[PDB]
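A quick write-up on the structure given underneath.
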Amino acid sequence: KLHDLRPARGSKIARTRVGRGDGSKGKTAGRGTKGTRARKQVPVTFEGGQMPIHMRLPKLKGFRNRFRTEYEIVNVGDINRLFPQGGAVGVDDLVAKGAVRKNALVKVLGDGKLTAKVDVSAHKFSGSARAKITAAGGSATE
Amino acid sequence: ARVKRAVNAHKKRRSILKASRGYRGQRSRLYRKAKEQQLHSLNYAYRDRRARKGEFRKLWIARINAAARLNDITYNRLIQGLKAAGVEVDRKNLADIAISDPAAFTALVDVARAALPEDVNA
Amino acid sequence: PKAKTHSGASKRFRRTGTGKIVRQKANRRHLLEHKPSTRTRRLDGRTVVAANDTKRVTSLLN
Amino acid sequence: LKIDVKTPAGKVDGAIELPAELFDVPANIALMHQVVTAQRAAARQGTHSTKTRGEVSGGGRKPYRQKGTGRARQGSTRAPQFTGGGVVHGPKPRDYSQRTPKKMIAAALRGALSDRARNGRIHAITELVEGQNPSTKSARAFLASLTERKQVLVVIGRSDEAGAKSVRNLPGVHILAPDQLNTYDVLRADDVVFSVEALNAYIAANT
RNA sequence: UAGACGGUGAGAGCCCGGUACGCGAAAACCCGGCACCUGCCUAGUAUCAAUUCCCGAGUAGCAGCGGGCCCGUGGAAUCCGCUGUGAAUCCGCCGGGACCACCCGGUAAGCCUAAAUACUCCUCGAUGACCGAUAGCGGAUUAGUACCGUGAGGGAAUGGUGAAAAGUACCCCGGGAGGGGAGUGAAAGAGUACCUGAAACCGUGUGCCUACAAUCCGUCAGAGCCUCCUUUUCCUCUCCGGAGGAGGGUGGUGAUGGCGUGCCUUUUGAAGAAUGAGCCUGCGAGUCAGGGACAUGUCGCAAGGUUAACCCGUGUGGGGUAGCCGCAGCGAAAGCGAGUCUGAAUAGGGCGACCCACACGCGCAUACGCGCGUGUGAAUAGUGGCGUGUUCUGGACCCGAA
RNA sequence: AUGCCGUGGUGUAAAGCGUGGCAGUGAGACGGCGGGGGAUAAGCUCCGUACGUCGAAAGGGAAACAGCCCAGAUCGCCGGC
RNA sequence: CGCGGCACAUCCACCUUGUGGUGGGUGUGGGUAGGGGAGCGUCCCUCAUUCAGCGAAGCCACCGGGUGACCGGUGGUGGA
């Protein structure tokens with residue numbers, strides 16, 4: 001019951017109250033100084049006055065393409081163990097098994113020996129994926 | 001949750017004051033002045049018990065020297081002789097003997113004198 | 001209410017697929033007549049963050 | 001695992017086997033602890049208000065100038081250390097609830113009930129009425145004749161004819177619908193009483 | 001169908017006001033319903049040739065100066081405003097991020113539009129791991145009062161008798177207040193200045209030391225008295241008591257010796273002639289929100305995990321798959337994939353994959369292991385919540401400027 | 001001469017390295033030994049030592065004494081060397 | 001050095017032999033800023049239990065206890 005109900009050993013760490021005497025933590029308590037740190041927190045960015053690393057280092061080159069359609073990546077080894085009987089592989093089926101993000105286009109990698117002779121109804125297969133699928137005896141789609 | 005922090009503090013106040021009783025003026029009346037004195041008093045007790053032990057050695061030595069001089073012998077040669085005799089007797093009870101039974105002290109002096117070799121050469 | 005990422009850090013540092021951060025070196029945008037190809041090759045490329053400020057940088061990015 | 005109680009104003013009827021959810025669970029007191037404290041956290045209204053500087057009326061004046069007065073550098077008349085001043089780091093009126101995983105909630109609940117089944121504290125009764133109207137007296141005789149304990153949890157369902165009216169006014173007796181079966185009431189109450197519909201609804205919702 | 005709270009001489013289901021629950025509105029108001037009254041229509045729907053007109057004007061658009069939208073005039077679209085100029089009505093005009101051809105979409109410069117959303121002077125009913133008179137609104141009491149200020153404005157303190165006033169009849173000192181004796185009263189050790197009644201502070205009675213002696217006003221040795229007290233010489237009075245005393249042991253006091261330079265802060269450094277505190281009581285200074293971030297410990301699950309807003313319901317439980325982190329990363333990007341990039345190629349290099357006490361099939365090897373598969377059962381992990389420490393924006397440990 | 005780097009043994013309790021978490025310090029003084037600045041100067045100031053002490057260390061000694069000599073207090077002891 | 005009582009690491013032999021502990025040995029234990037670990041205490045909600053007008057809280061004095069923060073008992077005041 002509740003009177004036998006206990007917290008887990010090692011959890012429920014007591015709050016270290018700070019400004020409660022010298023035996024508990026101290027009068028200055030961490031801020032054992034008289035400078036800025038004693039009275040206020042200096043921004044983590046500020047180095048001292050010299051140019052911080054944020055301006056000292058050069059700007060990361062390049063840009064970012066707005067029209068970049070990122071594809072989700074499906075492990076053919078995961079196909080091998082997930083559907084050892086083959087038969088048919090749908091995207092709805094793969095997400096039903098939780099192997100890939102929902103509502104997204106996919107790609108197939110070839111890292112893993114494929115033995116399951118199964119056609120895959122999906123998108124954008126790699127050349128090595130075609131090598132493994134045709135090795136098993138299946139067919140690529142898009 | 002206001003807690004009214006009086007009670008917890010009062011435990012300290014009444015404890016320190018009841019221990020501090022007997023001190024003169026603003027020592028046995030004021031908490032914050034008494035507190036100072038307990039710190040000084042107890043640091044003093046801390047070193048004074050040890051100094052006390054040394055002090056008692058000084059007293060015992062003086063008395064042994066007095067009785068020894070009454071038997072025409074110095075403390076130096078007295079202890080040297082007793083060590084040569086193996087008489088592992090402390091200065092507390094030796095000084096006691098000096099009062100309870102001076103004759104026993106004289107006997108120990110004769111033992112030391114006989115045990116001492118001959119002179120100051122080696 | 002919600003953390004902010006330092007925009008310069010997001011525009012200068014690039015996190016990799018693991019717990020590593022790299023810094024672009026480019027002390028080569030002003031004068032390039034006196035610098036040898038040795039020096040420009042030392043600057044060319046991308047260099048892991050030295051371990052002497054990662055405890056700061058990771059908080060600057062996050 | 002497979003036991004049934006008697007029937008009020010009758011003999012015996014029912015005989016319903018309990019599933020694994022109410023027996024085969026190694027209940028963890030740390031889990032039940034965390035969930036129960038979440039419930040007690042939710043029970044709080046969070047009305048613990050106070051008043052900080054800025055809400056205290058006035059105080060913008062800075063009396064007792066810093067030269068020729070011999071007084072401390074006041075700077076405001078409503079600073080904490082002054083009588084009637086503001087509260088620093090006070091109990092601001094927090095509004096919170098320790099959101100937990102549903103799997104932790106369900107696991108803790110079925111753990112507690114499964115322990116009650118292990119100790120024989122489940123009394124899955126059939127009903128409690130003199131036909132349609134309530135009778136608290138008869139409720140007392142029934143519950144105190146079969147259970148004989150102080151704190152009792154009663155699960156009936158959405159039936160107000162003789163549901164939460166006959167069991168009311170019985171110190172230690174609390175009542176709820178199956179859908180609201182929390183754990184705090186389960187750990188407080190010993191002889192947990194269920195209706196047939198309580199078991200069917202609970203089991204059906206919980207597979 | 002009443003065990004909610006409160007009151008009553010103390011802790012009340014059954015004493016009381018009430019609660020559960022059921023009744024209950026002349027009249028007024030609000031809402032809803034019914035009738036009257038008010039008000040709209042003698043059709044432009046459909047097929048068609050396309051000669052003609054129309055679809056909101058000093059408007060749009062353009063130029064200049066400005067605003068604001070992540071957008072700081074910048075390559076600067078959309079929107080709004082000002083100033084000059086100044087078009088068209090379907091083969092039209094504007095927009096789709098300078099801009100232009102094509103394509104999709106909608107037809108501006110005219111009006112109105114409840115719900116979902118926000119707020120509480122005020123009035124209901126309820127709640128509270130909110131306060132209990134230096135707290136809570138500043139204001140529990142003649143409170144935005146007394147009072148300060150030319151004024152705008154600023155802005156206090158004072159709670160508690162006792163169940164019932166039963167507020168001490170009467171007498172005696174005293175001018176009276178006040179007090180004592182009586183008396184009510186459970187109690188006056190609850191008397192209007194009053195529940196409990198600490199400390200500072202004041203004072204009295206009394207045990208002990210002190211007027212030839214210096215020292216943070218103590219500590220440790222430490223005699224003699226005082227008080228409490230055991231054994232005991234002893235009083236033989238003994239069915240009593242233990243008187244006074246030796247010795248022993250508590251609680252005080254303390255002769256006299258030894259030793260010893262207040263506390264805090266800040267300081268290279270302090271007993272301080274560096275600062276601060278007259279004393280006592282009370283008040284008061286590192287805390288919280290966030291599906292924040294980083295790290296760590298425990299607890300759920302297990303290539304998954306997890307739900308926010310929101311719906312139902314009665315306690316805060318059941319649902320809710322939009323989304324997030326992980327799962328494959330590299331590259332400026334296209335892109336391709338265990339490779340990828342620079343690069344003619346990479347022989348090399350940046351980044352990430354793959355660890356055996358080992359068998360079976362197999363090349364090499366004296367022995368020791370390189371490699372493709374199954375295990376001789378070989379190597380492994382994230383996510384969420386509650387805690388801890390730190391950190392970010394939030395008044396940010398508190399108080400304090402000119 | 002010392003000292004520094006590395007190497008093969010002996011010896012040693014934790015001292016070291018790497019990766020993380022959280023802070024302090026970022027005003028030093030004196031003495032001894034080498035110097036420079038100064039006047040052959042200073043209780044002056046500026047340097048080095050894996051030289052020490054104080055700072056952050058009470059105690060004993062130097063009459064008194066943060067920095068000199070000896071020595072690093074867990075507590076108690078009417079015990080010693 | 002000796003003789004006793006606490007504690008921290010490591011080690012020896014054990015009980016649930018890295019969760020957690022028992023007997024013993026050696027070494028260690030001055031310490032501010034600062035890190036870490038383990039605790040006392042006032043108030044409040046809940047659960048189990050319970051003393052309680054034959055006298056609680058609070059307060060006062062005394063005697064005791066704990067390595068410490070502190071705790072208990074007795075007696076008095078007071079009266080929930």
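Residues in the structure tokens are numbered from 1 in each chain, the chains being A, B, ... in the order shown, and ligands are numbered from 1 in the order shown.
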Tell me, counting only C-alpha atoms (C1' of nucleotides), for each residue of chain E within 9 Å of chain B, which pair of atoms is nearest and how far apart they are in Å to one decimal, in rows ordered by chain and increasing number, as a tab-separated table.
```
residue	atom	partner	partner_atom	distance
E:129	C1'	B:1	CA	8.8
E:130	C1'	B:1	CA	7.9
E:131	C1'	B:2	CA	8.2
E:135	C1'	B:2	CA	8.3
E:200	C1'	B:30	CA	8.5
E:217	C1'	B:24	CA	7.1
E:218	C1'	B:41	CA	5.7
E:219	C1'	B:44	CA	5.3
E:220	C1'	B:48	CA	5.6
E:221	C1'	B:52	CA	7.4
E:258	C1'	B:55	CA	8.0
E:259	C1'	B:48	CA	7.2
E:260	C1'	B:44	CA	7.7
E:262	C1'	B:36	CA	7.7
E:263	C1'	B:36	CA	6.6
E:279	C1'	B:30	CA	7.7
E:280	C1'	B:30	CA	8.1
E:282	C1'	B:6	CA	8.1
```
For stretch 20-32 of chain C: contacts at 9 Å, only C-alpha atoms (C1' of nucleotides), fewer than 2 positions along chain excluded, given as a PyMOL selection string: (chain A and resi 57-61) or (chain C and resi 12-18+34-36+40+42-50+54+57-58)
Counting only C-alpha atoms, give me one row per residue of chain D with an atom at most 12 Å from an atom of chain B, showing the shortest contact pair and its distance in Å to one decimal, sorted by chain then residue number, as CSV.
```
residue,atom,partner,partner_atom,distance
D:48,CA,B:1,CA,8.7
D:49,CA,B:1,CA,10.8
D:50,CA,B:1,CA,11.1
D:87,CA,B:2,CA,11.7
D:90,CA,B:1,CA,10.2
D:91,CA,B:1,CA,8.7
```
Store the residues of this selection in a file with N, CA and C atoms, as a PDB file, in the first residue's frame.
```pdb
ATOM      1  N   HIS D  48      -1.216  29.161  -4.739  1.00  0.00           N
ATOM      2  CA  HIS D  48      -0.307  29.728  -3.760  1.00  0.00           C
ATOM      3  C   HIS D  48       0.291  30.976  -4.374  1.00  0.00           C
ATOM      4  N   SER D  49      -0.390  32.101  -4.182  1.00  0.00           N
ATOM      5  CA  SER D  49       0.070  33.380  -4.702  1.00  0.00           C
ATOM      6  C   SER D  49       0.897  34.138  -3.671  1.00  0.00           C
ATOM      7  N   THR D  50       1.483  35.235  -4.133  1.00  0.00           N
ATOM      8  CA  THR D  50       2.251  36.143  -3.301  1.00  0.00           C
ATOM      9  C   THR D  50       2.244  37.504  -3.979  1.00  0.00           C
ATOM     10  N   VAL D  87       7.835  40.130  -1.485  1.00  0.00           N
ATOM     11  CA  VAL D  87       8.339  38.788  -1.264  1.00  0.00           C
ATOM     12  C   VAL D  87       9.266  38.442  -2.415  1.00  0.00           C
ATOM     13  N   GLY D  90       9.228  34.248  -4.144  1.00  0.00           N
ATOM     14  CA  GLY D  90       8.036  33.769  -3.515  1.00  0.00           C
ATOM     15  C   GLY D  90       7.385  32.654  -4.290  1.00  0.00           C
ATOM     16  N   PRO D  91       6.383  32.077  -3.685  1.00  0.00           N
ATOM     17  CA  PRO D  91       5.627  31.010  -4.329  1.00  0.00           C
ATOM     18  C   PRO D  91       4.764  31.549  -5.445  1.00  0.00           C
TER      19      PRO D  91
END
```
Distance table requested - stretch 259-348 of chain E against stretch 22-31 of chain A, cut-off 12 Å, only C-alpha atoms (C1' of nucleotides): one row per qualifying residue with the closest atom pair and its distance in Å to one decimal, ordered by chain and rising residue number, as JSON lines.
```
{"residue": "E:264", "atom": "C1'", "partner": "A:27", "partner_atom": "CA", "distance": 11.2}
{"residue": "E:265", "atom": "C1'", "partner": "A:27", "partner_atom": "CA", "distance": 10.9}
{"residue": "E:285", "atom": "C1'", "partner": "A:27", "partner_atom": "CA", "distance": 11.5}
{"residue": "E:286", "atom": "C1'", "partner": "A:29", "partner_atom": "CA", "distance": 8.5}
```
Can I get the selected residues back with N, CA, C and O atoms (P, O5', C5', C4', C3', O3' and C1' of nucleotides), as a PDB file, in the first residue's frame?
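So the final result, stored in part33.pdb, reads:
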```pdb
ATOM      1  P     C E 264      35.227  35.264  12.485  1.00  0.00           P
ATOM      2  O5'   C E 264      34.288  36.188  11.604  1.00  0.00           O
ATOM      3  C5'   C E 264      32.995  35.740  11.247  1.00  0.00           C
ATOM      4  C4'   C E 264      32.264  36.770  10.431  1.00  0.00           C
ATOM      5  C3'   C E 264      32.942  37.179   9.142  1.00  0.00           C
ATOM      6  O3'   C E 264      32.734  36.283   8.076  1.00  0.00           O
ATOM      7  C1'   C E 264      32.238  39.102  10.283  1.00  0.00           C
ATOM      8  P     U E 265      33.910  36.028   7.023  1.00  0.00           P
ATOM      9  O5'   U E 265      33.853  37.320   6.110  1.00  0.00           O
ATOM     10  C5'   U E 265      32.654  37.697   5.470  1.00  0.00           C
ATOM     11  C4'   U E 265      32.736  39.108   4.946  1.00  0.00           C
ATOM     12  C3'   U E 265      33.894  39.362   4.006  1.00  0.00           C
ATOM     13  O3'   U E 265      33.602  38.935   2.692  1.00  0.00           O
ATOM     14  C1'   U E 265      33.776  41.105   5.590  1.00  0.00           C
ATOM     15  P     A E 285      14.419  34.768   2.695  1.00  0.00           P
ATOM     16  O5'   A E 285      15.613  35.228   1.760  1.00  0.00           O
ATOM     17  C5'   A E 285      15.349  35.588   0.420  1.00  0.00           C
ATOM     18  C4'   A E 285      16.573  36.119  -0.278  1.00  0.00           C
ATOM     19  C3'   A E 285      17.795  35.213  -0.293  1.00  0.00           C
ATOM     20  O3'   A E 285      17.756  34.247  -1.324  1.00  0.00           O
ATOM     21  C1'   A E 285      18.430  37.373   0.386  1.00  0.00           C
ATOM     22  P     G E 286      17.965  32.694  -0.981  1.00  0.00           P
ATOM     23  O5'   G E 286      18.449  32.053  -2.353  1.00  0.00           O
ATOM     24  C5'   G E 286      17.614  32.116  -3.495  1.00  0.00           C
ATOM     25  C4'   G E 286      18.302  31.620  -4.743  1.00  0.00           C
ATOM     26  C3'   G E 286      18.694  30.153  -4.742  1.00  0.00           C
ATOM     27  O3'   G E 286      18.514  29.581  -6.033  1.00  0.00           O
ATOM     28  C1'   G E 286      20.614  31.461  -5.063  1.00  0.00           C
TER      29        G E 286
END
```
Could you list, as a ChimeraX atom specification, every residue of chain F that has an atom within 10 Å of an atom of chain A, counting only C-alpha atoms (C1' of nucleotides)? /F:22-25
To test your reading of the structure, identify every residue in stretch 33-162 of chain D that backbone DSSP assigns to alpha helix (DSSP H), and report it as an MDAnalysis selection string. chainID D and resid 33:43 102:118 136:146
All residues 10 Å or closer to residue C:56, only C-alpha atoms (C1' of nucleotides), same chain fewer than 4 positions away omitted, as a PDB file with N, CA, C and O atoms (P, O5', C5', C4', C3', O3' and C1' of nucleotides), in the first residue's frame:
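Here's the written file part.pdb:
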```
ATOM      1  N   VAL A  44      27.978  33.598 -22.219  1.00  0.00           N
ATOM      2  CA  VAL A  44      28.914  32.543 -22.602  1.00  0.00           C
ATOM      3  C   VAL A  44      29.683  32.916 -23.862  1.00  0.00           C
ATOM      4  O   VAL A  44      30.802  32.439 -24.085  1.00  0.00           O
ATOM      5  N   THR A  45      29.104  33.774 -24.697  1.00  0.00           N
ATOM      6  CA  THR A  45      29.743  34.183 -25.939  1.00  0.00           C
ATOM      7  C   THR A  45      30.983  35.030 -25.690  1.00  0.00           C
ATOM      8  O   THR A  45      32.011  34.846 -26.349  1.00  0.00           O
TER       9      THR A  45
ATOM     10  N   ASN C  52      39.752  22.135 -26.683  1.00  0.00           N
ATOM     11  CA  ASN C  52      39.899  23.163 -25.668  1.00  0.00           C
ATOM     12  C   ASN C  52      38.723  24.131 -25.591  1.00  0.00           C
ATOM     13  O   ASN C  52      38.739  25.013 -24.729  1.00  0.00           O
ATOM     14  N   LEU C  60      26.885  26.795 -27.385  1.00  0.00           N
ATOM     15  CA  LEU C  60      26.614  27.891 -28.304  1.00  0.00           C
ATOM     16  C   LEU C  60      25.730  27.440 -29.453  1.00  0.00           C
ATOM     17  O   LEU C  60      24.838  28.179 -29.881  1.00  0.00           O
ATOM     18  N   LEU C  61      25.951  26.229 -29.957  1.00  0.00           N
ATOM     19  CA  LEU C  61      25.085  25.713 -31.006  1.00  0.00           C
ATOM     20  C   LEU C  61      23.744  25.283 -30.440  1.00  0.00           C
ATOM     21  O   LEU C  61      22.705  25.506 -31.070  1.00  0.00           O
ATOM     22  N   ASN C  62      23.752  24.659 -29.265  1.00  0.00           N
ATOM     23  CA  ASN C  62      22.529  24.281 -28.581  1.00  0.00           C
ATOM     24  C   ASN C  62      22.313  25.145 -27.347  1.00  0.00           C
ATOM     25  O   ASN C  62      21.296  25.024 -26.669  1.00  0.00           O
TER      26      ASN C  62
ATOM     27  P     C E 294      20.348  18.744 -25.852  1.00  0.00           P
ATOM     28  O5'   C E 294      21.615  18.831 -24.890  1.00  0.00           O
ATOM     29  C5'   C E 294      22.827  19.401 -25.354  1.00  0.00           C
ATOM     30  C4'   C E 294      23.870  19.501 -24.267  1.00  0.00           C
ATOM     31  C3'   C E 294      24.084  18.256 -23.431  1.00  0.00           C
ATOM     32  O3'   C E 294      24.838  17.269 -24.111  1.00  0.00           O
ATOM     33  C1'   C E 294      24.009  20.136 -22.017  1.00  0.00           C
TER      34        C E 294
END
```
Non-local contacts of stretch 143-151 of chain D (12 Å; only C-alpha atoms (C1' of nucleotides); under 6 positions in same chain excluded) as a ChimeraX atom specification: /A:1 /D:5-8,120-125,127-128,136-137,166-167,170-175,185-194 /G:47-48
Nearby residues (only C-alpha atoms (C1' of nucleotides)) at most 9 Å from stretch 73-80 of chain G, same-chain spacing under 2 positions excluded, as a ChimeraX atom specification: /E:10,189,196 /G:53,55-64
Proximity of chain D to chain A: per-residue shortest pair, 10 Å limit, only C-alpha atoms, as a Markdown table:
```
| residue | atom | partner | partner_atom | distance |
| --- | --- | --- | --- | --- |
| D:28 | CA | A:5 | CA | 9.4 |
| D:29 | CA | A:5 | CA | 5.7 |
| D:30 | CA | A:7 | CA | 5.0 |
| D:31 | CA | A:7 | CA | 8.4 |
| D:32 | CA | A:5 | CA | 7.6 |
| D:33 | CA | A:7 | CA | 6.1 |
| D:34 | CA | A:7 | CA | 7.7 |
| D:36 | CA | A:2 | CA | 9.0 |
| D:112 | CA | A:1 | CA | 8.6 |
| D:115 | CA | A:1 | CA | 9.8 |
| D:116 | CA | A:1 | CA | 10.0 |
| D:184 | CA | A:2 | CA | 8.2 |
| D:186 | CA | A:1 | CA | 8.6 |
| D:187 | CA | A:1 | CA | 5.0 |
| D:188 | CA | A:2 | CA | 6.6 |
| D:189 | CA | A:1 | CA | 8.6 |
| D:190 | CA | A:1 | CA | 8.4 |
```
May I have the residues within 12 Å of residue G:67 as a PDB file with N, CA and C atoms (P, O5', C5', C4', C3', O3' and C1' of nucleotides), in the first residue's frame, using only C-alpha atoms (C1' of nucleotides) and disregarding those fewer than 5 positions away in the same chain?
```
ATOM      1  P     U F  74      45.952  13.896  14.004  1.00  0.00           P
ATOM      2  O5'   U F  74      44.435  13.586  13.670  1.00  0.00           O
ATOM      3  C5'   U F  74      43.621  14.580  13.086  1.00  0.00           C
ATOM      4  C4'   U F  74      42.170  14.393  13.444  1.00  0.00           C
ATOM      5  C3'   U F  74      41.863  14.357  14.933  1.00  0.00           C
ATOM      6  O3'   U F  74      41.690  15.642  15.492  1.00  0.00           O
ATOM      7  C1'   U F  74      40.917  12.468  13.923  1.00  0.00           C
ATOM      8  P     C F  75      42.315  15.980  16.928  1.00  0.00           P
ATOM      9  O5'   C F  75      41.431  15.135  17.932  1.00  0.00           O
ATOM     10  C5'   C F  75      40.074  15.476  18.106  1.00  0.00           C
ATOM     11  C4'   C F  75      39.377  14.561  19.067  1.00  0.00           C
ATOM     12  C3'   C F  75      40.077  14.337  20.383  1.00  0.00           C
ATOM     13  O3'   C F  75      39.971  15.433  21.271  1.00  0.00           O
ATOM     14  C1'   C F  75      39.307  12.281  19.566  1.00  0.00           C
TER      15        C F  75
ATOM     16  P     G G   5      38.481  -0.104  21.471  1.00  0.00           P
ATOM     17  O5'   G G   5      37.597   1.185  21.214  1.00  0.00           O
ATOM     18  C5'   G G   5      36.652   1.593  22.184  1.00  0.00           C
ATOM     19  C4'   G G   5      36.093   2.954  21.872  1.00  0.00           C
ATOM     20  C3'   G G   5      35.623   3.149  20.444  1.00  0.00           C
ATOM     21  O3'   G G   5      34.334   2.614  20.238  1.00  0.00           O
ATOM     22  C1'   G G   5      36.895   5.013  21.130  1.00  0.00           C
ATOM     23  P     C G   6      33.820   2.336  18.752  1.00  0.00           P
ATOM     24  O5'   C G   6      33.806   3.779  18.093  1.00  0.00           O
ATOM     25  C5'   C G   6      33.767   3.893  16.687  1.00  0.00           C
ATOM     26  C4'   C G   6      33.526   5.302  16.224  1.00  0.00           C
ATOM     27  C3'   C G   6      33.634   5.473  14.721  1.00  0.00           C
ATOM     28  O3'   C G   6      32.431   5.141  14.055  1.00  0.00           O
ATOM     29  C1'   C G   6      34.935   7.120  15.786  1.00  0.00           C
ATOM     30  P     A G   7      32.446   4.109  12.831  1.00  0.00           P
ATOM     31  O5'   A G   7      33.120   4.939  11.652  1.00  0.00           O
ATOM     32  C5'   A G   7      32.584   6.195  11.278  1.00  0.00           C
ATOM     33  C4'   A G   7      33.555   7.021  10.477  1.00  0.00           C
ATOM     34  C3'   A G   7      34.087   6.411   9.199  1.00  0.00           C
ATOM     35  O3'   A G   7      33.173   6.530   8.127  1.00  0.00           O
ATOM     36  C1'   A G   7      35.832   7.495  10.387  1.00  0.00           C
TER      37        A G   7
END
```
Please determine, counting only C-alpha atoms (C1' of nucleotides), which residue among E:34, E:181, E:137, E:61 has the shortest atom-to-atom distance to residue D:56.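 With only C-alpha atoms (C1' of nucleotides) as the atom set, the closest residue is E:137.
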With a distance threshold of 6 Å and counting only C-alpha atoms (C1' of nucleotides), extract the residues of chain A near chain E and express them as a ChimeraX atom specification. /A:10-13,62-63
Distance cut-off 12 Å, counting only C-alpha atoms (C1' of nucleotides) - which residues of chain G neighbour chain A? Return them as a PDB file with C-alpha atoms (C1' of nucleotides), in the first residue's frame.
```pdb
ATOM      1  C1'   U G  19      23.304  -4.484  -6.208  1.00  0.00           C
ATOM      2  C1'   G G  20      24.182  -4.251  -0.151  1.00  0.00           C
ATOM      3  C1'   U G  32      39.938  28.754   3.289  1.00  0.00           C
ATOM      4  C1'   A G  33      37.932  29.581  -2.206  1.00  0.00           C
ATOM      5  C1'   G G  34      35.876  25.212  -4.580  1.00  0.00           C
ATOM      6  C1'   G G  35      33.913  19.789  -5.911  1.00  0.00           C
ATOM      7  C1'   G G  36      31.601  15.472  -4.076  1.00  0.00           C
ATOM      8  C1'   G G  37      29.144  12.272  -0.445  1.00  0.00           C
ATOM      9  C1'   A G  38      25.979  11.290   3.871  1.00  0.00           C
ATOM     10  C1'   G G  39      22.351  13.767   7.660  1.00  0.00           C
ATOM     11  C1'   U G  46      -1.649  12.275   2.311  1.00  0.00           C
ATOM     12  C1'   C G  47      -1.480   6.833   4.072  1.00  0.00           C
ATOM     13  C1'   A G  48      -0.871   3.210   8.336  1.00  0.00           C
ATOM     14  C1'   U G  49      -0.964   3.770  13.573  1.00  0.00           C
ATOM     15  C1'   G G  68      27.635  16.648  15.539  1.00  0.00           C
ATOM     16  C1'   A G  69      23.186  19.454  13.649  1.00  0.00           C
TER      17        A G  69
END
```
Show me, as an MDAnalysis selection string, the residues that have an atom within 8 Å of residue D:100 when counting only C-alpha atoms (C1' of nucleotides), minus same-chain residues fewer than 6 positions from it. (chainID D and resid 35 38) or (chainID E and resid 385)
